[PDB]
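For reference, the structure is listed below as structure tokens.
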Amino acid sequence: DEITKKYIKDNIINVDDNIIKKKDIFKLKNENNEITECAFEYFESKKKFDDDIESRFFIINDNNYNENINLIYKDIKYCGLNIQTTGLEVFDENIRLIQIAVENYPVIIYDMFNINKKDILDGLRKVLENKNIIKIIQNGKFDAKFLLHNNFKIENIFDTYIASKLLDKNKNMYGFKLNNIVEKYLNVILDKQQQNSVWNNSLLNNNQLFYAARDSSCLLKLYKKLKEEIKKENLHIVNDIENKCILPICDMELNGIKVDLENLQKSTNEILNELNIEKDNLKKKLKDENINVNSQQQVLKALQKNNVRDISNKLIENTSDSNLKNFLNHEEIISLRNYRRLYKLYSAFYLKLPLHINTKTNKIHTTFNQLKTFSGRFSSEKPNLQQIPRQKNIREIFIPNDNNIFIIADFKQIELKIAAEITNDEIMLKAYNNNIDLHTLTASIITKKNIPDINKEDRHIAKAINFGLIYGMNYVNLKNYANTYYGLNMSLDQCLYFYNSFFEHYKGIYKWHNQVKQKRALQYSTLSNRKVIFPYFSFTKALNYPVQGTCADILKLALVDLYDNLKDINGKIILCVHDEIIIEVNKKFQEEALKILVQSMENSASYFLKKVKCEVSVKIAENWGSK
DNA sequence: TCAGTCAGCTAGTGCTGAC
DNA sequence: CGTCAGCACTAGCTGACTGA
Ligand SMILES: Nc1nc2c(ncn2[C@H]2C[C@H](O)[C@@H](COP(=O)(O)OP(=O)(O)OP(=O)(O)O)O2)c(=O)[nH]1
């Protein structure tokens, strides 16, 4: 059929005869500021749409290039940018199309599969390189990952998902794809009926491109509305920080963290042997063999028939650790707890990690998200790096490149500093400008001891009590809290004494507590002005939201500043989990990387917490788990 | 030729736990 | 502390193998 090959020369199979070629005169501006009546060919669909979204476009091929096309990108303040790929596995997938949508002009499609010369790209490369150009991208992490992975460098992004989900105040956790965003904000219906059609083939149907163009173009009107809205609520600082934080996260995904196959294999063997001996020990102790050990009901029944009793002689009703913590006396319970520890460690780490190692590079790559978390903290998906255990320094398996060295850092008591800033408390500022940790003050005032006499146990108690009641935790609940992360034994009178003693001097904390509990606002706001509207009031989460949101914001700003500064020595950002950032630099640059990291994080802290200076616990380590 | 099971799949609790 | 994961496990639901 000649109909299906109407524009086969442009690598567009005419599956549906609903198209038309057309070449118009364009009054583009010359480099000498002279209007030139050039002309390029653009394709249109015979069937229009009720929407005002642009539908024309150009396809730039190896043999459809005209050098004057680059003038369309000249002297421009913003451009949309949509990227479509063959799949989802970035390390082994090729970018399919690069979309650019200039205002009052058709979308420009770079048919990458049909591009073999450099001249077409360098204009687009320069267009991406400019720092006075804003890029509108849907879920900018995706497109940025693919761009940097195929030798591109973006230097300004205004992702629509970031701004929208910041605006939504976490009212809803779903319905934020492109169609939902346009539906909500614009009065348009994109009709995303494309069910992921085939893309790997060079030849692509016409309707497929026509849909692919709309998503690129509609980001422009979306930007026009979203800037006005987001500026209206004074959310420009949070938007700017979050959006400048789209490059470093992408670099962290691309670089990954190396896994030591030799050490991992060794540890798997040793833990397997230990698990075998422990399992045999438990099975012999349980006096039975039919009982599959891992199950909870059957092992509970085994304990019950073993006549296992508590201090009050009652039979054990459950095997919860908080319950098993009460019966450490019995011999079988110790073995059971040990077995469950080893099996949890085994299944959680040593069988999970091998599934998530890119053998082509011997590395583990996360999928970080920056707005999924309630407080805006990061949240590692697929391989959850946060769920890797701290125990034993199991991080020995993770080591840097064969000629590189890690640099580890972390904020020291960021939550307390943020709380002091928000409450404007006098005593915390006094202690901090006195170069004294708040933990020492809490321990002293609890024990009424001299400052030099604060032992490590008192420091632990101070940390526990401070973190317990900084977020408004009922003093009766402290009894259970003690045997939840500190294993401490506490009495109601002692709990009350600590409770009263804290607010007896931490006046600003008490003022903050009373105001939060009294107002019962639905909408809360951070120091970065990040906002959230709860379904109702929740006192603990209410107090928790501002300080932890500010923590996420300060960490993101630090990441942005570190990324910008590290370009001098060409380093790599590898991971950020819990107020802790690790970078990786080859040798001969470590004494400079230390300065870069410390100065960057210090500047980031000085931005937000004006009253209190922050202190960084930096270090240098051959392995992530170094002491 | 179609009732009546049993052999796989699925929802859900439920406990369990460590970050 | 709430937010994930990992388990079995318990039960229920459903099409293939008898049953004549
Ligand atoms: N909910 C909760 N989060 C924890 C706990 N331990 C650590 N985290 C996570 C989330 C917290 O925001 C953050 C607190 O970090 P830490 O205070 O344990 O570390 P840091 O070295 O800053 O301790 P410091 O206060 O300086 O003694 O880490 C815990 O027991 N409970």
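Naming scheme: A, B, ... for chains in displayed order of the structure tokens; residues 1 onward per chain; ligands 1 onward as shown.
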Exercise for the section: Excluding residue A:614 and any residue of its chain fewer than 4 positions from it, enumerate the residues within 8 Å of it, using only C-alpha atoms (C1' of nucleotides), and give them as a list in words. Expected result: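 Those residues are residues 411, 412, 414, 417, 602, 605, 606 and 609 of chain A.
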Could you make a table, as a Markdown table, of the residues of chain A that have an atom within 8 Å of an atom of ligand 1, each with its nearest atom pair and distance in Å to one decimal, counting only C-alpha atoms and all ligand atoms, in chain and number order?
| residue | atom | partner | partner_atom_place_in_ligand_line | distance |
| --- | --- | --- | --- | --- |
| A:410 | CA | ligand 1 | 21 (O) | 7.4 |
| A:411 | CA | ligand 1 | 22 (O) | 6.2 |
| A:412 | CA | ligand 1 | 22 (O) | 4.5 |
| A:413 | CA | ligand 1 | 26 (O) | 4.1 |
| A:414 | CA | ligand 1 | 22 (O) | 6.4 |
| A:415 | CA | ligand 1 | 12 (O) | 6.7 |
| A:416 | CA | ligand 1 | 25 (O) | 7.6 |
| A:439 | CA | ligand 1 | 27 (O) | 7.4 |
| A:460 | CA | ligand 1 | 27 (O) | 7.9 |
| A:463 | CA | ligand 1 | 27 (O) | 5.8 |
| A:467 | CA | ligand 1 | 17 (O) | 7.6 |
| A:484 | CA | ligand 1 | 30 (O) | 8.0 |
| A:485 | CA | ligand 1 | 30 (O) | 5.3 |
| A:548 | CA | ligand 1 | 12 (O) | 7.0 |
| A:578 | CA | ligand 1 | 28 (O) | 5.6 |
| A:579 | CA | ligand 1 | 13 (C) | 7.1 |
Handout entry: chain C contacts to chain A at 10 Å (only C-alpha atoms (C1' of nucleotides)) as a list in words
Key =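 That gives the following set of residues: residues 1, 2, 3, 4, 5, 6, 7, 8 and 9 of chain C.
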Residues from the last selection, N, CA and C atoms (P, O5', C5', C4', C3', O3' and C1' of nucleotides), saved as a short mmCIF file (atom, residue, chain, number, x, y, z; two decimals), in the first residue's frame:
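To be explicit, this is the file written out as result-v4.cif:
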data_model
loop_
_atom_site.label_atom_id
_atom_site.label_comp_id
_atom_site.auth_asym_id
_atom_site.auth_seq_id
_atom_site.Cartn_x
_atom_site.Cartn_y
_atom_site.Cartn_z
P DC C 1 5.88 2.95 70.39
"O5'" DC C 1 4.81 3.29 69.25
"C5'" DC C 1 4.28 4.60 69.14
"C4'" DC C 1 5.15 5.47 68.25
"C3'" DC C 1 5.43 4.91 66.87
"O3'" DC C 1 4.45 5.37 65.93
"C1'" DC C 1 7.39 5.93 67.87
P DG C 2 2.86 5.24 66.10
"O5'" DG C 2 2.40 5.50 64.57
"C5'" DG C 2 2.78 6.74 63.92
"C4'" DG C 2 3.58 6.44 62.67
"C3'" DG C 2 2.83 5.67 61.59
"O3'" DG C 2 3.20 6.21 60.33
"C1'" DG C 2 4.76 4.46 62.24
P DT C 3 2.72 5.54 58.94
"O5'" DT C 3 4.02 4.70 58.53
"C5'" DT C 3 5.26 5.41 58.29
"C4'" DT C 3 6.16 4.56 57.42
"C3'" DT C 3 5.43 3.78 56.32
"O3'" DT C 3 6.23 3.64 55.15
"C1'" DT C 3 6.44 2.27 57.85
P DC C 4 5.60 3.24 53.73
"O5'" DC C 4 5.20 1.71 53.99
"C5'" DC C 4 5.85 0.66 53.27
"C4'" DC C 4 7.25 0.43 53.80
"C3'" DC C 4 7.91 -0.88 53.36
"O3'" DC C 4 9.31 -0.70 53.15
"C1'" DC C 4 7.63 -0.89 55.72
P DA C 5 10.27 -1.91 52.70
"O5'" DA C 5 9.41 -2.74 51.63
"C5'" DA C 5 8.71 -3.95 51.99
"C4'" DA C 5 9.67 -5.06 52.42
"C3'" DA C 5 9.29 -6.46 51.95
"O3'" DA C 5 10.46 -7.29 51.80
"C1'" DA C 5 8.96 -6.29 54.31
P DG C 6 10.31 -8.82 51.32
"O5'" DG C 6 10.13 -9.62 52.69
"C5'" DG C 6 11.16 -9.60 53.68
"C4'" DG C 6 11.09 -10.83 54.56
"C3'" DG C 6 10.52 -12.06 53.88
"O3'" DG C 6 11.18 -13.25 54.30
"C1'" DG C 6 9.09 -11.40 55.68
P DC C 7 11.44 -14.46 53.27
"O5'" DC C 7 10.77 -15.73 53.98
"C5'" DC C 7 9.35 -15.84 54.04
"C4'" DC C 7 8.88 -15.98 55.48
"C3'" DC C 7 7.81 -17.04 55.70
"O3'" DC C 7 8.40 -18.20 56.29
"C1'" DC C 7 7.19 -14.93 56.75
P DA C 8 9.02 -19.37 55.38
"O5'" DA C 8 7.94 -20.54 55.50
"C5'" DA C 8 6.57 -20.25 55.35
"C4'" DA C 8 5.87 -20.22 56.70
"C3'" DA C 8 4.68 -21.17 56.82
"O3'" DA C 8 4.62 -21.73 58.13
"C1'" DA C 8 3.93 -18.93 57.08
P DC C 9 3.68 -23.01 58.41
"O5'" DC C 9 2.22 -22.38 58.52
"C5'" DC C 9 1.96 -21.38 59.49
"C4'" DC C 9 0.55 -20.83 59.34
"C3'" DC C 9 -0.49 -21.84 58.84
"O3'" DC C 9 -1.66 -21.78 59.65
"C1'" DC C 9 -0.61 -19.89 57.58
#
Problem - Contact residues (chain B, partner chain A, 12 Å, only C-alpha atoms (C1' of nucleotides)) as a ChimeraX atom specification - result: /B:14-19
Handout entry: Which of A:370, A:434, A:18, A:86 sits closest to residue A:139 [using only C-alpha atoms]
Key =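 Comparing A:370, A:434, A:18, A:86 against residue A:139, the winner is A:370.
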DSSP alpha helix (DSSP H) selection over stretch 281-519 of chain A, as a CSV table (one decimal) with N, CA and C atoms, in the first residue's frame:
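What landed in out09.csv:
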chain,number,residue,atom,x,y,z
A,281,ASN,N,20.4,-26.9,67.1
A,281,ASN,CA,20.3,-26.7,68.6
A,281,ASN,C,18.9,-26.5,69.0
A,282,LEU,N,18.2,-25.6,68.3
A,282,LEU,CA,16.8,-25.3,68.7
A,282,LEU,C,15.9,-26.6,68.5
A,283,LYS,N,16.1,-27.3,67.4
A,283,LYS,CA,15.3,-28.5,67.2
A,283,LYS,C,15.5,-29.5,68.3
A,284,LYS,N,16.7,-29.7,68.6
A,284,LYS,CA,17.0,-30.7,69.7
A,284,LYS,C,16.4,-30.2,71.0
A,285,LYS,N,16.5,-28.9,71.3
A,285,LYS,CA,16.0,-28.3,72.5
A,285,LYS,C,14.5,-28.4,72.5
A,286,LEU,N,13.8,-28.1,71.4
A,286,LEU,CA,12.4,-28.2,71.3
A,286,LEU,C,11.8,-29.6,71.5
A,296,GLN,N,5.4,-19.0,63.3
A,296,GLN,CA,5.1,-18.5,64.6
A,296,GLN,C,4.1,-19.3,65.4
A,297,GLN,N,3.0,-19.8,64.8
A,297,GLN,CA,2.1,-20.6,65.6
A,297,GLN,C,2.7,-21.9,66.1
A,298,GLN,N,3.4,-22.6,65.2
A,298,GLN,CA,4.0,-23.9,65.6
A,298,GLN,C,5.0,-23.8,66.7
A,299,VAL,N,5.9,-22.8,66.5
A,299,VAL,CA,6.9,-22.6,67.6
A,299,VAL,C,6.3,-22.1,68.9
A,300,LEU,N,5.2,-21.3,68.8
A,300,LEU,CA,4.5,-20.9,70.0
A,300,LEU,C,3.9,-22.2,70.7
A,301,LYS,N,3.3,-23.1,69.9
A,301,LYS,CA,2.8,-24.3,70.5
A,301,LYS,C,3.9,-25.1,71.1
A,302,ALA,N,5.1,-25.2,70.4
A,302,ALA,CA,6.2,-25.9,71.0
A,302,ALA,C,6.6,-25.3,72.3
A,303,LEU,N,6.6,-24.0,72.4
A,303,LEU,CA,6.9,-23.4,73.7
A,303,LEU,C,5.8,-23.7,74.7
A,304,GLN,N,4.6,-23.7,74.3
A,304,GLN,CA,3.5,-23.9,75.3
A,304,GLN,C,3.6,-25.4,75.8
A,305,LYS,N,3.8,-26.4,74.9
A,305,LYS,CA,3.9,-27.7,75.4
A,305,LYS,C,5.2,-28.0,76.1
A,321,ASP,N,9.1,-10.0,70.7
A,321,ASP,CA,10.4,-9.7,71.3
A,321,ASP,C,10.1,-8.8,72.6
A,322,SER,N,9.2,-7.9,72.5
A,322,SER,CA,8.9,-7.1,73.7
A,322,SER,C,8.3,-8.0,74.8
A,323,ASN,N,7.7,-9.2,74.4
A,323,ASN,CA,7.3,-10.2,75.4
A,323,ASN,C,8.5,-11.1,75.8
A,324,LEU,N,9.2,-11.6,74.8
A,324,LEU,CA,10.3,-12.4,75.0
A,324,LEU,C,11.4,-11.7,75.9
A,331,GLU,N,16.0,-21.2,79.3
A,331,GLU,CA,17.1,-21.6,78.4
A,331,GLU,C,16.6,-21.7,76.9
A,332,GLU,N,15.5,-22.3,76.6
A,332,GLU,CA,15.0,-22.4,75.3
A,332,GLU,C,14.7,-21.0,74.7
A,333,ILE,N,14.2,-20.1,75.5
A,333,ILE,CA,13.9,-18.8,74.9
A,333,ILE,C,15.1,-18.0,74.4
A,334,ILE,N,16.3,-18.2,75.1
A,334,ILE,CA,17.5,-17.5,74.6
A,334,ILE,C,17.9,-18.1,73.2
A,335,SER,N,17.8,-19.4,73.1
A,335,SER,CA,18.1,-20.1,71.8
A,335,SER,C,17.2,-19.6,70.7
A,336,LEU,N,15.9,-19.5,71.1
A,336,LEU,CA,14.9,-19.1,70.1
A,336,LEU,C,15.2,-17.7,69.6
A,337,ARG,N,15.5,-16.8,70.6
A,337,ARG,CA,15.8,-15.4,70.2
A,337,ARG,C,17.0,-15.3,69.3
A,338,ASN,N,18.0,-16.1,69.7
A,338,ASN,CA,19.2,-16.1,68.9
A,338,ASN,C,18.9,-16.6,67.5
A,339,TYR,N,18.1,-17.7,67.4
A,339,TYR,CA,17.8,-18.2,66.0
A,339,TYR,C,17.0,-17.2,65.2
A,340,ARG,N,16.1,-16.5,65.8
A,340,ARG,CA,15.3,-15.6,65.1
A,340,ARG,C,16.2,-14.4,64.6
A,341,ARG,N,17.1,-14.0,65.5
A,341,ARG,CA,18.0,-13.0,65.1
A,341,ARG,C,18.8,-13.4,63.8
A,342,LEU,N,19.4,-14.6,63.9
A,342,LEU,CA,20.2,-15.0,62.7
A,342,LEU,C,19.3,-15.2,61.5
A,343,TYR,N,18.1,-15.7,61.6
A,343,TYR,CA,17.3,-16.0,60.4
A,343,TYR,C,16.8,-14.6,59.9
A,344,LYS,N,16.5,-13.7,60.7
A,344,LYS,CA,16.1,-12.4,60.2
A,344,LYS,C,17.2,-11.7,59.5
A,345,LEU,N,18.4,-11.8,60.1
A,345,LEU,CA,19.6,-11.2,59.4
A,345,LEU,C,19.8,-11.9,58.0
A,352,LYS,N,18.7,-11.1,50.2
A,352,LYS,CA,18.2,-10.0,49.5
A,352,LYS,C,19.2,-9.3,48.6
A,353,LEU,N,20.4,-9.1,49.1
A,353,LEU,CA,21.4,-8.4,48.3
A,353,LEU,C,21.8,-9.0,47.0
A,354,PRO,N,22.1,-10.3,47.0
A,354,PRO,CA,22.5,-10.9,45.7
A,354,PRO,C,21.5,-10.7,44.6
A,355,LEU,N,20.2,-10.7,44.9
A,355,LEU,CA,19.2,-10.4,43.9
A,355,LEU,C,19.4,-9.1,43.2
A,414,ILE,N,20.8,16.9,64.7
A,414,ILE,CA,20.1,17.9,63.9
A,414,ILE,C,18.7,18.1,64.4
A,415,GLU,N,18.0,17.1,64.8
A,415,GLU,CA,16.6,17.3,65.3
A,415,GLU,C,16.5,18.3,66.5
A,416,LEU,N,17.5,18.1,67.4
A,416,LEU,CA,17.5,19.0,68.6
A,416,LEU,C,17.8,20.4,68.1
A,417,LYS,N,18.7,20.6,67.2
A,417,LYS,CA,19.1,21.9,66.7
A,417,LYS,C,17.9,22.6,66.0
A,418,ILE,N,17.2,21.8,65.2
A,418,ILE,CA,16.0,22.4,64.5
A,418,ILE,C,14.9,22.8,65.6
A,419,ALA,N,14.7,21.9,66.6
A,419,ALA,CA,13.7,22.2,67.6
A,419,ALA,C,14.1,23.5,68.4
A,420,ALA,N,15.4,23.6,68.7
A,420,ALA,CA,15.8,24.8,69.4
A,420,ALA,C,15.6,26.1,68.5
A,421,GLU,N,15.9,26.0,67.2
A,421,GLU,CA,15.6,27.1,66.3
A,421,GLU,C,14.1,27.5,66.3
A,422,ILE,N,13.3,26.5,66.2
A,422,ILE,CA,11.8,26.7,66.0
A,422,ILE,C,11.3,27.3,67.3
A,423,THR,N,11.7,26.7,68.5
A,423,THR,CA,11.2,27.2,69.8
A,423,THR,C,11.9,28.5,70.2
A,426,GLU,N,16.0,29.8,75.1
A,426,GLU,CA,17.2,30.4,75.5
A,426,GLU,C,18.3,29.4,75.9
A,427,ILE,N,17.9,28.4,76.7
A,427,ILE,CA,18.9,27.5,77.3
A,427,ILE,C,19.7,26.7,76.2
A,428,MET,N,18.9,26.2,75.2
A,428,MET,CA,19.6,25.4,74.2
A,428,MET,C,20.6,26.2,73.4
A,429,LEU,N,20.2,27.5,73.1
A,429,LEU,CA,21.2,28.4,72.4
A,429,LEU,C,22.4,28.7,73.3
A,430,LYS,N,22.1,28.9,74.6
A,430,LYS,CA,23.2,29.1,75.5
A,430,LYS,C,24.2,27.9,75.5
A,431,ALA,N,23.7,26.7,75.6
A,431,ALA,CA,24.5,25.5,75.6
A,431,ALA,C,25.3,25.4,74.3
A,432,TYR,N,24.6,25.6,73.2
A,432,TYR,CA,25.2,25.4,71.9
A,432,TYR,C,26.3,26.4,71.6
A,433,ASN,N,26.0,27.7,71.8
A,433,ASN,CA,27.1,28.7,71.7
A,433,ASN,C,28.2,28.5,72.7
A,438,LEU,N,23.6,19.3,73.9
A,438,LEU,CA,22.4,19.3,74.7
A,438,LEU,C,22.3,18.1,75.5
A,439,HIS,N,22.9,16.9,75.1
A,439,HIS,CA,22.8,15.7,75.8
A,439,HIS,C,23.5,15.8,77.2
A,440,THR,N,24.6,16.5,77.2
A,440,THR,CA,25.3,16.7,78.5
A,440,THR,C,24.5,17.5,79.4
A,441,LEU,N,23.8,18.6,78.9
A,441,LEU,CA,23.0,19.4,79.8
A,441,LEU,C,21.8,18.6,80.3
A,442,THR,N,21.2,17.8,79.5
A,442,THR,CA,20.0,17.0,79.9
A,442,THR,C,20.5,16.0,81.0
A,443,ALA,N,21.6,15.4,80.8
A,443,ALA,CA,22.1,14.4,81.8
A,443,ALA,C,22.4,15.1,83.1
A,444,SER,N,23.1,16.2,83.0
A,444,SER,CA,23.4,17.0,84.2
A,444,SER,C,22.2,17.4,85.0
A,445,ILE,N,21.3,18.0,84.3
A,445,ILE,CA,20.1,18.6,85.0
A,445,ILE,C,19.2,17.4,85.5
A,446,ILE,N,19.2,16.3,84.9
A,446,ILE,CA,18.5,15.1,85.5
A,446,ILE,C,19.3,14.6,86.7
A,447,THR,N,20.6,14.5,86.6
A,447,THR,CA,21.4,14.0,87.8
A,447,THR,C,21.8,15.0,88.7
A,456,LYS,N,29.1,8.1,80.3
A,456,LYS,CA,28.4,7.7,79.0
A,456,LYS,C,27.0,7.1,79.3
A,457,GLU,N,26.8,6.4,80.4
A,457,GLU,CA,25.5,5.9,80.7
A,457,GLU,C,24.5,7.1,80.8
A,458,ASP,N,24.9,8.1,81.5
A,458,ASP,CA,24.1,9.3,81.7
A,458,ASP,C,23.8,10.0,80.3
A,459,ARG,N,24.8,10.0,79.4
A,459,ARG,CA,24.7,10.5,78.1
A,459,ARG,C,23.6,9.7,77.4
A,460,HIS,N,23.6,8.4,77.5
A,460,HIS,CA,22.6,7.5,76.9
A,460,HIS,C,21.2,7.9,77.4
A,461,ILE,N,21.1,8.0,78.7
A,461,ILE,CA,19.8,8.4,79.3
A,461,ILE,C,19.3,9.7,78.8
A,462,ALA,N,20.3,10.7,78.7
A,462,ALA,CA,19.9,12.0,78.2
A,462,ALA,C,19.4,11.9,76.7
A,463,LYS,N,20.1,11.2,75.9
A,463,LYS,CA,19.6,11.0,74.5
A,463,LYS,C,18.2,10.4,74.5
A,464,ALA,N,18.0,9.4,75.3
A,464,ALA,CA,16.7,8.7,75.3
A,464,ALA,C,15.6,9.7,75.7
A,465,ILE,N,15.8,10.3,76.9
A,465,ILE,CA,14.7,11.2,77.4
A,465,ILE,C,14.5,12.3,76.5
A,466,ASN,N,15.5,12.9,75.9
A,466,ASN,CA,15.4,14.1,75.0
A,466,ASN,C,14.6,13.6,73.8
A,467,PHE,N,15.0,12.5,73.1
A,467,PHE,CA,14.3,12.1,71.9
A,467,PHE,C,12.9,11.7,72.2
A,468,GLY,N,12.6,11.1,73.4
A,468,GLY,CA,11.3,10.7,73.8
A,468,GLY,C,10.3,11.9,73.9
A,469,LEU,N,10.7,12.9,74.7
A,469,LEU,CA,9.7,14.0,74.9
A,469,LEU,C,10.0,15.2,74.1
A,478,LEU,N,6.3,6.4,78.6
A,478,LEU,CA,7.8,6.3,78.7
A,478,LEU,C,8.2,4.9,79.2
A,479,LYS,N,7.3,4.3,80.1
A,479,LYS,CA,7.6,3.0,80.6
A,479,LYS,C,7.8,2.0,79.5
A,480,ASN,N,6.9,2.0,78.5
A,480,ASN,CA,7.0,1.1,77.4
A,480,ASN,C,8.1,1.6,76.4
A,481,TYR,N,8.3,2.9,76.3
A,481,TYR,CA,9.3,3.4,75.4
A,481,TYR,C,10.7,3.0,75.8
A,482,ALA,N,10.9,2.9,77.1
A,482,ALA,CA,12.3,2.6,77.6
A,482,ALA,C,12.7,1.2,77.1
A,483,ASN,N,11.8,0.2,77.1
A,483,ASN,CA,12.1,-1.1,76.6
A,483,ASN,C,11.6,-1.2,75.2
A,484,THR,N,11.9,-0.2,74.4
A,484,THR,CA,11.6,-0.2,73.0
A,484,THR,C,12.8,0.2,72.1
A,485,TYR,N,13.7,1.0,72.6
A,485,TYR,CA,14.9,1.3,71.9
A,485,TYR,C,16.1,1.5,72.8
A,492,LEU,N,7.3,4.7,87.5
A,492,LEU,CA,6.3,5.8,87.2
A,492,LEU,C,6.8,7.1,87.9
A,493,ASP,N,7.2,7.0,89.2
A,493,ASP,CA,7.6,8.2,89.9
A,493,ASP,C,8.9,8.8,89.2
A,494,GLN,N,9.8,8.0,88.8
A,494,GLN,CA,11.0,8.4,88.1
A,494,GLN,C,10.6,9.0,86.7
A,495,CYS,N,9.7,8.4,86.0
A,495,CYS,CA,9.3,9.0,84.7
A,495,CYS,C,8.7,10.3,84.9
A,496,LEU,N,7.8,10.5,85.9
A,496,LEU,CA,7.2,11.8,86.2
A,496,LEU,C,8.3,12.8,86.6
A,497,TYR,N,9.3,12.4,87.4
A,497,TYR,CA,10.3,13.4,87.8
A,497,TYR,C,11.1,13.9,86.6
A,498,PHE,N,11.5,12.9,85.7
A,498,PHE,CA,12.2,13.4,84.5
A,498,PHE,C,11.3,14.2,83.6
A,499,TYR,N,10.0,13.9,83.5
A,499,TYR,CA,9.1,14.6,82.7
A,499,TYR,C,9.0,16.1,83.2
A,500,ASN,N,8.7,16.3,84.5
A,500,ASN,CA,8.6,17.6,85.0
A,500,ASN,C,9.9,18.3,84.9
A,501,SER,N,11.0,17.6,85.1
A,501,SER,CA,12.3,18.3,85.2
A,501,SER,C,12.7,18.9,83.8
A,502,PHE,N,12.3,18.2,82.7
A,502,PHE,CA,12.6,18.7,81.4
A,502,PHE,C,12.0,20.0,81.1
A,503,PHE,N,10.7,20.1,81.3
A,503,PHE,CA,10.0,21.4,81.1
A,503,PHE,C,10.3,22.4,82.2
A,504,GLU,N,10.9,22.0,83.3
A,504,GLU,CA,11.2,23.0,84.3
A,504,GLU,C,12.2,24.0,83.8
A,505,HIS,N,13.0,23.7,82.8
A,505,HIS,CA,14.0,24.6,82.3
A,505,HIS,C,14.0,24.8,80.8
A,507,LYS,N,12.0,25.8,78.7
A,507,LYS,CA,10.8,26.6,78.6
A,507,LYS,C,10.3,26.7,77.1
A,508,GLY,N,11.2,27.0,76.2
A,508,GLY,CA,10.7,27.1,74.8
A,508,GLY,C,10.1,25.9,74.3
A,509,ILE,N,10.6,24.7,74.6
A,509,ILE,CA,9.9,23.5,74.2
A,509,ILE,C,8.5,23.4,74.8
A,510,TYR,N,8.3,23.8,76.0
A,510,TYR,CA,7.0,23.8,76.6
A,510,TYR,C,6.1,24.8,75.9
A,511,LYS,N,6.6,26.0,75.6
A,511,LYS,CA,5.7,26.9,74.9
A,511,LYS,C,5.3,26.3,73.5
A,512,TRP,N,6.3,25.7,72.8
A,512,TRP,CA,6.0,25.1,71.5
A,512,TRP,C,4.9,24.0,71.7
A,513,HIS,N,5.1,23.2,72.7
A,513,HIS,CA,4.1,22.1,73.0
A,513,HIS,C,2.7,22.7,73.2
A,514,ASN,N,2.6,23.7,74.1
A,514,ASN,CA,1.3,24.2,74.4
A,514,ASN,C,0.6,24.9,73.2
A,515,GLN,N,1.4,25.6,72.4
A,515,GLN,CA,0.8,26.3,71.2
A,515,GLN,C,0.4,25.2,70.2
A,516,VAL,N,1.2,24.2,70.0
A,516,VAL,CA,0.8,23.2,69.0
A,516,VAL,C,-0.5,22.4,69.5
A,517,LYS,N,-0.5,22.1,70.8
A,517,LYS,CA,-1.7,21.3,71.3
A,517,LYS,C,-2.9,22.2,71.3
A,518,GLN,N,-2.8,23.5,71.4
A,518,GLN,CA,-3.9,24.4,71.5
A,518,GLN,C,-4.5,24.7,70.2
A,519,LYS,N,-3.7,25.1,69.2
A,519,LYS,CA,-4.2,25.5,67.9
A,519,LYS,C,-4.9,24.4,67.2
Practice task
Excluding residue A:125 and any residue of its chain fewer than 4 positions from it, enumerate the residues within 12 Å of it, using only C-alpha atoms (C1' of nucleotides), and give them as a count of residues only.
Solution key: 18
Exercise for the section: Tell me which protein, DNA and RNA residues are within 12 Å of residue C:11, counting only C-alpha atoms (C1' of nucleotides), leaving out same-chain ones fewer than 3 positions away, and put them as a count of residues only. Expected result: 4
Exercise for the section: Enumerate the residues of stretch 527-610 of chain A with a DSSP assignment of strand (DSSP E), computed from the backbone, and present them as a VMD selection string. Expected result: chain A and resid 531 to 533 572 to 576 580 to 586
Handout entry: Neighbour list for residue B:1 as a list in words, cut-off 12 Å, only C-alpha atoms (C1' of nucleotides), skip fewer than 2 positions in-chain
Key = residues 3 of chain B; 19 and 20 of chain C
Exercise for the section: Report the distance between atom CA of residue A:366 and atom CA of residue A:385 in Å, rounded to one decimal place. Expected result: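 Going from atom CA of residue A:366 over to atom CA of residue A:385 covers 7.5 Å.
Between atom CA of residue A:573 and atom CA of residue A:589 the interatomic distance comes to 14.6 Å.
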